[PDB]
Amino acid sequence: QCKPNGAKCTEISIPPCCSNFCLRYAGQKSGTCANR
């Protein structure tokens with residue numbers, strides 16, 4: 001309802017995602033809001 005599914009995450013940026021995930025991990029510099 002708030003997730004874009006197919007977006008990117010970063011150390012300084014993150015999408016809303018109410019059901020999906022944000023791959024803003026400590027070992028990543030470009031994640032992705034997607035469904036689990």
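Calculation criteria
- Each chain's residues are numbered sequentially from 1 according to the written sequence, a convention that need not reproduce the entry's numbering, and residues without coordinates are excluded.
- Hydrogens and water are ignored here; the side-chain numbers use all heavy atoms of the structure.
- Residues with missing side-chain atoms are left out of burial classes, side-chain pairs and their counts.
- Our working definition of a disulfide is a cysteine sulfur pair at a distance within 2.5 Å.
- Only runs of H or I of at least four residues qualify as helices and only runs of E of at least two qualify as strands under DSSP, and these elements are numbered from the N terminus.
- Each residue is assigned to one of three classes by its accessible area relative to the maximum for its type, calculated with a 1.4 Å probe on protein chains only: buried under 20%, partly exposed between the two thresholds, exposed over 50%.

The deposited coordinates derive from solution NMR.

Caption draft 1: Structural view of the state of the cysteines. Per the stated rule, a full pass over the model turns up three disulfides. Each disulfide pairs two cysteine sulfurs, and for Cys9 the partner residue is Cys22, the sulfurs being separated by 2.0 Å. Placement of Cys9 in strand β1 (residues 7–9) and of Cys22 in the loop between β1 and β2 (31–33) is noted, with a sequence separation of 13 residues between them. For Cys9, a relative accessible area of 1% corresponds to the buried category. Disulfide pairing is shown between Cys17 and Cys33; the S-S distance is 2.0 Å. With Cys17 in the loop between β1 and β2 and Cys33 in strand β2, the pair connects residues that are 16 residues apart, well separated along the chain. Note on accessibility: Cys17 and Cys33 belong to one class, buried. Take the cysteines of the protein that form disulfides and number them in order along the sequence; they join up as 1-4, 2-5, 3-6.

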